[PDB]
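For reference, the structure discussed in these notes is given below.
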Number of protein chains: 6
Amino acid sequence: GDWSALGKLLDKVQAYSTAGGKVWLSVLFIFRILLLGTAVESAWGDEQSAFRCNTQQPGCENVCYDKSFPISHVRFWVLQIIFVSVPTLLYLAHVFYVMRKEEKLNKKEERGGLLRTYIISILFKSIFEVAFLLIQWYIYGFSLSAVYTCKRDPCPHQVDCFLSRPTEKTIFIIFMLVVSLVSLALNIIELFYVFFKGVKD
Amino acid sequence: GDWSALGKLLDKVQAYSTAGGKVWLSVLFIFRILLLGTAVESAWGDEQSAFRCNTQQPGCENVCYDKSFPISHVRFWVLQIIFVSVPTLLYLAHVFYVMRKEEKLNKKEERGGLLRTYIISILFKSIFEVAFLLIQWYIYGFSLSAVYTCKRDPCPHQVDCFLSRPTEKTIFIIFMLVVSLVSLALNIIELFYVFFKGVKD
Amino acid sequence: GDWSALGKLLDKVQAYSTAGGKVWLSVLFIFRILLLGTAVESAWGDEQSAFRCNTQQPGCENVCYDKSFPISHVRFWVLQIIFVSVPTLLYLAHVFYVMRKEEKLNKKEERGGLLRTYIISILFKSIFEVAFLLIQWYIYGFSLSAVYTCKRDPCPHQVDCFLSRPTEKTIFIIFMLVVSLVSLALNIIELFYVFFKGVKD
Amino acid sequence: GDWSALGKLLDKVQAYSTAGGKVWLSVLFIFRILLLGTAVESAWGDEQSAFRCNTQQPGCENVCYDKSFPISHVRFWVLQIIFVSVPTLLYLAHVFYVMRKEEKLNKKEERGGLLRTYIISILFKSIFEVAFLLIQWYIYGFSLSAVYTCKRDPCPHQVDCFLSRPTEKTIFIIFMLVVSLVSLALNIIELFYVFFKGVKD
Amino acid sequence: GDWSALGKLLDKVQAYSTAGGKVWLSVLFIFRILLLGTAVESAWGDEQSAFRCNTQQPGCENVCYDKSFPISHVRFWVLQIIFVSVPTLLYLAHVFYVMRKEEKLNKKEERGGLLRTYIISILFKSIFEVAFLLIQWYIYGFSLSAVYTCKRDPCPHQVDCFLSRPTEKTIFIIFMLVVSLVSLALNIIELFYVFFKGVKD
Amino acid sequence: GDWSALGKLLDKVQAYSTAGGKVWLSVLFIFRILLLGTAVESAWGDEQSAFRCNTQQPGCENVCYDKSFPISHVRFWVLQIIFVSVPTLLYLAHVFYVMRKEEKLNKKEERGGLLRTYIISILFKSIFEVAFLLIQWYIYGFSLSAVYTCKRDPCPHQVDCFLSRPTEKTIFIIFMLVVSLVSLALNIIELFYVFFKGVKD
Ligand SMILES: CC(C)CCC[C@@H](C)[C@H]1CC[C@H]2[C@@H]3CC=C4C[C@@H](OC(=O)CCC(=O)O)CC[C@]4(C)[C@H]3CC[C@]12C
Ligand SMILES: CC(C)CCC[C@@H](C)[C@H]1CC[C@H]2[C@@H]3CC=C4C[C@@H](OC(=O)CCC(=O)O)CC[C@]4(C)[C@H]3CC[C@]12C
Ligand SMILES: CC(C)CCC[C@@H](C)[C@H]1CC[C@H]2[C@@H]3CC=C4C[C@@H](OC(=O)CCC(=O)O)CC[C@]4(C)[C@H]3CC[C@]12C
Ligand SMILES: CC(C)CCC[C@@H](C)[C@H]1CC[C@H]2[C@@H]3CC=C4C[C@@H](OC(=O)CCC(=O)O)CC[C@]4(C)[C@H]3CC[C@]12C
Ligand SMILES: CC(C)CCC[C@@H](C)[C@H]1CC[C@H]2[C@@H]3CC=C4C[C@@H](OC(=O)CCC(=O)O)CC[C@]4(C)[C@H]3CC[C@]12C
Ligand SMILES: CC(C)CCC[C@@H](C)[C@H]1CC[C@H]2[C@@H]3CC=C4C[C@@H](OC(=O)CCC(=O)O)CC[C@]4(C)[C@H]3CC[C@]12C
Ligand SMILES: CCCCCCCCCCCCCC
């Protein structure tokens with residue numbers, strides 16, 4: 001029966017959250033991790049081995065691949081999710097330590113403190129999501145073409161190179177974009193709810 | 001002995017379900033995951049490495065493979081099962097939170113609320129199953145041929161390409177189709193049972 | 001001490017079983033899974049990479065391998081064991097739910113029902129085992145030859161192809177055949193025992 | 001504190017065993033599994049990929065490798081250890097069921113039975129160990145040479161083939177032989193001890 | 001409820017630490033391990049297979065790769081983190097044994113001892129971090145170029161070699177540098193806090 | 001609270017050990033296993049695939065690699081650590097059985113026995129460490145060169161072969177040597193401490 005304290009921690013963490021936000025956002029996180037781990041990761045395995053270019057010049061393939069893909073999508077998404085998730089872990093740790101301190105105080109001697117941190121955490125989650133989306137839009141966009149044109153040394157003039165699994169990667173990119181937009185919308189809804197409940201005093 | 005609450009949750013979740021539906025559908029889910037994870041996943045490993053075409057044109061193999069297989073069957077099935085499974089997780093979370101709230105109410109102060117959500121969840125499960133089946137039928141069908149004809153640039157004119165393990169993949173496709181049909185039938189039976197028990201009032 | 005209920009479930013499941021059948025069949029199942037997972041699976045890894053044919057015709061190797069091996073032995077055995085095992089899982093789930101219902105009845109209000117299902121489960125186990133054995137005999141037999149003759153398009157005339165690790169695979173095939181025969185014999189013995197104890201009334 | 005029953009089972013299983021046999025044989029089993037899993041398994045990975053022969057004849061490498069290595073050492077040892085280990089599992093299951101039955105009898109109604117089975121189990125362990133050793137001696141011996149001579153069709157006349165990592169495999173073969181001999185000696189010692197304690201009555 | 005002793009150990013370990021240092025440094029450690037394990041490790045997989053040089057001389061690629069990369073970044077970072085982490089494990093073990101001894105003393109008979117060790121541990125953590133940073137700066141720097149010039153035997157004169165994924169590796173190098181700097185700053189802050197609280201007596 | 005017996009076993013095992021030896025040696029063991037498993041194992045993966053020799057003679061590479069590396073360093077270290085660790089496991093098992101027997105005696109009937117075994121275990125640990133170090137020194141030494149000269153049949157005259165990652169392997173070899181020396185020194189210190197405390201009687 002060593003689970004009541006965990007329930008108390010869960011209740012105290014979600015004091016200012018809405019009823020449906022909990023379920024929707026947690027299930028979205030689970031869906032995100034499962035999709036990233038099971039199917040998405042396997043499709044990018046042969047991203048460089050199957051990358052080919054039409055030329056006899058040694059070294060052109062390496063530089064052209066580097067230019068086309070400065071960073072892989074999967075690792076970009078891993079960084080995105082880690083950055084989005086860290087603030088909640090920080091908040092949980094802070095709440096745990098605060099609860100221990102309060103237990104000490106209330107045992108030995110038989111708003112604003114936490115609300116501000118929660119608001120800051122939600123704001124930073126949204127900011128990171130938006131920043132990652134903007135960076136992805138600026139760098140790659142939201143689609144991939146089968147043929148790429150390379151004009152980098154030591155390749156002479158321009159050369160044509162061919163990618164691997166472009167359509168499938170485009171589909172998964174669209175899926176991840178939709179997931180990110182949904183998460184951002186839910187966080188914004190939570191912010192509006194907290195502010196609109198705080199205005200009434 | 002910290003298991004009674006889990007039993008209470010299980011009983012409350014399955015209030016409106018039939019006796020045999022529980023067992024049949026749960027065992028079907030276990031069978032589905034085991035089949036997808038153990039045998040099916042390994043057969044598609046060399047889907048692109050062993051794919052070959054008769055030509056000297058560089059890049060033709062990549063584009064022809066992309067055209068033939070816009071998305072792999074295994075990842076399509078993973079998406080299908082995730083979409084079919086998420087609604088039950090949402091319902092479980094909702095029931096858990098509702099039970100906690102009711103415990104609070106009934107401790108401190110010593111139909112339609114949940115039935116509608118259950119019906120909606122079952123309906124969405126069936127809808128997703130049917131939609132995925134229709135998409136699969138429209139895109140690929142339910143069989144694979146050994147020889148494929150490719151007429152995409154930069155391949156000149158038309159070329160012939162050869163697949164890997166077509167018969168085995170066809171067999172597994174038929175198996176998965178049967179599993180999906182059985183699941184859809186069971187969900188429809190559950191819907192009919194709930195409606196026919198609700199008509200009598 | 002939250003294990004007495006598990007013992008009650010175990011005792012109720014094995015009410016009509018013999019003393020030695022439990023041990024022999026469970027240990028046989030463990031042996032089967034270990035043998036299939038540790039050694040058998042690794043020997044078939046290079047089943048297609050090491051498959052070679054004497055010809056310059058592109059695509060002949062793919063079609064000849066597909067014709068020779070419509071389905072791999074390992075996946076066939078995985079399907080066989082899953083089909084043989086599912087009925088017991090169904091019976092366990094049914095017994096669990098029945099026990100919960102009986103506990104409810106006997107707490108709030110302080111043969112043939114299950115025997116038939118057990119007999120049906122044993123019969124279906126035996127039927128599946130026999131059917132899989134017959135299919136394997138019809139398709140492949142119980143041995144593999146080092147040289148295969150291929151007469152499928154686009155291969156011109158007939159060609160000779162060579163397999164990988166035929167003797168070892170033959171040995172493992174014989175092992176699995178013996179295991180299947182032993183399991184079938186044990187199930188038949190259980191059926192005869194139950195019927196011969198039921199005749200006496 | 002749900003561990004006393006496990007201790008009772010352990011004590012009842014080892015009623016007729018010697019003091020040091022327990023420790024020595026259990027640690028030997030752990031050593032065997034660790035050695036087989038960590039280092040031995042990795043050395044045989046490139047057993048066929050690195051196998052090469054001096055000829056242009058297609059298919060000669062496959063048949064020559066099959067002739068040289070009808071079965072791999074690692075899988076042979078896996079089978080050996082499984083066969084040696086199963087009897088103890090059978091004995092444990094029998095003891096568990098017997099203990100449950102005796103508890104039932106002694107609760108509701110408030111030598112030779114097991115000794116024979118234990119002796120049989122030890123005898124079968126020793127017999128399997130000796131048989132596997134004899135088979136290994138007859139087939140391969142206890143050493144491997146770097147050069148192999150192949151005289152099987154379709155190879156013309158005789159050809160020379162070269163193995164991978166012969167010295168390391170020889171070293172590990174000697175290690176496993178020593179382990180098997182030690183296990184056999186310990187089992188024989190246990191048999192002699194039980195018989196010499198039973199003679200005195 | 002066998003968790004109170006763990007809480008006592010946690011409280012005693014963190015007696016002299018600041019409130020926010022706990023959370024920030026622990027979350028930083030988790031972030032570090034996750035980043036090193038999920039994304040960073042996969043990008044260096046084809047570090048040598050995809051490394052290519054322009055020459056027909058056999059053996060030049062091996063020596064040139066060895067000269068360019070005396071040690072991989074990932075393994076260097078693994079060593080760095082292990083060295084940074086070991087002192088805390090030592091301190092935890094010492095505290096555990098001291099607590100057991102004190103419990104013995106205070107049951108049977110019904111500053112400076114630990115502060116010095118904690119200060120030493122923090123100092124060694126910082127020293128190791130700084131030393132690893134200096135070594136990395138001296139050997140590689142904090143960037144990678146696409147083209148490398150090799151002048152080692154048996155390569156004739158000088159040759160040009162090409163790396164794999166230079167930009168992505170540079171990005172991850174910068175990330176790890178930032179993480180290391182943050183950790184060093186936090187440790188220095190902890191040292192200053194302890195000394196400034198000890199000066200006041 | 002089923003952990004007191006584990007604490008009693010831990011205390012009884014470490015009756016004659018020093019205060020700091022426990023922590024230092026246990027942390028050294030953890031460091032050893034982590035270093036061997038995470039970084040060291042990956043660097044030797046392409047030990048044979050990337051091994052190349054300058055010749056057209058088939059089979060020369062195999063024999064030259066076998067001559068250069070009769071056994072891999074990683075597997076040698078695995079054997080070393082297993083041999084060093086087994087005696088402590090034997091001692092733990094002996095202590096466990098002795099404690100059970102003493103509990104039986106002291107419940108039903110309401111130095112030198114163990115010290116000698118502990119001394120023997122420490123001595124054998126040190127002996128194995130020294131023997132493995134001597135064997136490694138005699139066979140390989142403590143460094144690796146980039147170029148190897150091979151004079152084994154069927155290679156004609158002498159040939160030059162090139163290794164993979166020599167500098168990194170040398171670094172790790174030095175690390176492991178330092179670890180082994182530290183462990184040997186700690187064991188010798190423990191032996192001296194026990195003897196010097198036993199002399200005083
Ligand atoms: C090695 C271990 C320590 C890493 C995995 C453990 C934690 C990092 C896990 C446990 C619970 C997880 C959280 C569960 C659900 C949410 C949903 C979501 O949080 C919300 O803002 C939604 C509201 C809520 O669910 O509380 C963002 C991810 C997050 C914080 C997860 C982030 C990762 C967490 C903290
Ligand atoms: C990382 C973890 C959180 C993912 C795995 C845990 C859950 C997602 C699992 C636990 C129980 C599973 C469920 C068990 C059985 C069913 C059968 C089936 O549900 C039904 O409608 C049948 C009726 C019933 O069994 O209740 C559909 C899948 C589902 C919900 C499963 C979906 C996945 C669930 C929710
Ligand atoms: C992911 C999890 C849910 C899958 C693994 C759990 C179950 C599917 C396991 C637990 C116990 C296993 C059973 C243990 C032993 C038997 C022996 C045998 O059953 C018998 O008819 C023998 C008589 C008996 O042992 O009861 C056939 C396999 C079976 C049912 C096993 C089938 C697989 C079972 C049900
Ligand atoms: C998937 C699971 C069910 C497989 C692994 C669990 C069992 C098969 C393990 C648990 C304990 C193991 C046993 C522990 C130690 C011994 C030593 C040895 O037995 C003896 O005769 C020595 C005397 C003794 O230790 O009792 C032979 C292997 C054996 C039986 C082991 C065989 C494998 C056992 C039964
Ligand atoms: C196989 C097992 C034994 C290895 C993994 C277990 C330990 C080595 C883990 C458990 C807790 C971890 C610690 C948790 C957090 C910190 C943060 C940080 O410590 C600090 O100085 C911050 C202050 C604090 O958190 O106490 C440095 C890493 C460290 C000690 C971790 C190092 C690795 C530790 C000791
Ligand atoms: C599959 C399982 C059974 C294998 C892993 C479990 C054991 C083999 C582990 C548990 C505790 C480990 C021990 C923990 C620490 C030590 C340090 C060291 O022992 C000492 O002499 C130092 C003094 C001490 O720590 O007691 C040598 C390794 C050893 C015995 C370890 C050897 C491996 C042990 C026995
Ligand atoms: C061409 C030589 C084939 C030899 C096959 C021998 C296989 C023996 C299998 C024994 C099975 C034992 C049943 C458990």
Side-chain angles (χ1 to χ4, degrees), chain A residues 1-6 33 36-37 41 44-49 51 56-83 85-101 103-104 117 139 152-155, chain E residues 1-4 6-8 10-11 14 17-47 49-56 61 144-148 159-172 175:
Chain A
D2 54 76
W3 304 85
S4 299
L6 193 62
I33 59 175
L36 187 62
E41 191 277 346
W44 271 258
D46 57 358
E47 59 182 351
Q48 185 173 13
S49 60
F51 189 95
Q56 288 179 346
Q57 186 66 36
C60 182
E61 281 186 357
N62 304 65
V63 301
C64 294
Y65 172 88
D66 183 63
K67 197 180 192 302
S68 179
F69 298 104
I71 185 173
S72 182
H73 292 74
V74 297
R75 309 190 177 87
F76 185 86
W77 293 327
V78 170
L79 292 171
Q80 179 179 0
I81 186 173
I82 293 170
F83 271 89
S85 300
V86 60
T88 306
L89 194 65
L90 294 165
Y91 187 64
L92 290 170
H94 184 210
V95 170
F96 177 81
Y97 285 108
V98 170
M99 288 175 63
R100 289 191 65 86
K101 185 179 181 181
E103 274 125 25
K104 285 292 195 66
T117 54
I139 297 298
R152 184 178 178 185
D153 294 329
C155 315
Chain E
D2 54 76
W3 304 85
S4 299
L6 193 62
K8 298 174 69 179
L10 179 67
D11 284 64
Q14 301 178 342
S17 64
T18 60
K22 309 169 181 63
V23 178
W24 283 99
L25 218 24
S26 301
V27 172
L28 188 69
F29 172 80
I30 289 171
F31 179 99
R32 205 170 188 172
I33 59 175
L34 287 179
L35 180 59
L36 187 62
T38 49
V40 171
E41 191 277 346
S42 59
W44 271 258
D46 57 358
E47 59 182 351
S49 60
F51 189 95
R52 287 138 188 169
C53 301
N54 185 339
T55 180
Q56 288 179 346
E61 281 186 357
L144 292 174
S145 299
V147 186
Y148 182 80
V159 299
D160 292 330
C161 300
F162 306 88
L163 284 60
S164 177
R165 310 168 183 264
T167 307
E168 195 170 22
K169 295 175 176 177
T170 305
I171 295 167
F172 284 114
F175 267 95

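Scope of the values below: all heavy atoms of this structure, side chains included, with no hydrogens, waters or symmetry mates. Below, read A as the first sequence line, B as the second, and so on, with proteins coming before strands; counting in each chain starts at 1.
- Atom CZ of residue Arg100(A) and atom CG of residue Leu10(E) lie 6.0 Å apart, to the nearest 0.5 angstrom.
- Interface check for chain A: of the options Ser164(E), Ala146(E), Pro166(E), the most heavy-atom pairs under 4.5 Å are formed by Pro166(E).
- The part of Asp46(E) that comes within reach of chain A is its side chain, from C-beta onward, which places non-hydrogen atoms under 4.5 angstrom from that chain.
- Proximity of a side-chain donor or acceptor of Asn62(A) to a complementary backbone N or O of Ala50(E) within less than 3.5 Å is detected.
- Using a 4.5 Å cut-off between heavy atoms, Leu92(A) makes no contact with chain E at all.
- Between chain A and the options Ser49(E), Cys161(E), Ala39(E), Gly45(E), heavy-atom pairs under 4.5 Å are most frequent for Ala39(E).
- Neither the backbone nor the side chain of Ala19(E) comes within contact range of chain A; no heavy atoms are under 4.5 Å apart.
- Ranked by heavy-atom pairs under 4.5 Å with chain E, the list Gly1(A), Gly59(A), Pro154(A) is led by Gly59(A).
- Note: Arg75(A) CZ to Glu168(E) CD = 4.5 Å, rounded to the nearest 0.5 Å.
- Rounding to the nearest 0.5 Å places CZ of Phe31(E) at 12.0 Å from CG of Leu89(A).
- Interface remark: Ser42(E) contributes backbone and side-chain atoms alike to the contact with chain A (heavy atom separation under 4.5 Å).
- Between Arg165(E) and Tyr65(A), some side-chain heavy-atom pair lies under the 4.5 Å cut-off.
- For chain E, the option among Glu47(A), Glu41(A), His94(A) with the highest count of heavy-atom pairs below 4.5 Å is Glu47(A).
- The shortest distance between side-chain heavy atoms of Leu35(E) and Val78(A) does not fall below 4.5 Å.
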Query raised in the report: When you look at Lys104(A) and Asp11(E), which way does the side-chain contact (heavy atoms from CB on, under 4.5 Å) test go after all the steps?
Result: CA-CA 11 Å; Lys104(A) 285 292 195 66; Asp11(E) 284 64; 3.6 Å; yes

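- With a threshold of 4.5 angstrom between heavy atoms, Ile30(E) approaches chain A through side-chain atoms but not through N, CA, C or O.
- Note that CD1 of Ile82(A) is 5.5 Å distant from CG of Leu34(E), once rounded to the nearest 0.5 Å.
- In this structure, the portion of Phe83(A) lying under 4.5 Å from any heavy atom of chain E is its side chain and not its backbone.
- You'll find the side chain of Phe96(A) stays beyond 4.5 Å of the side chain of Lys22(E), heavy atoms only.
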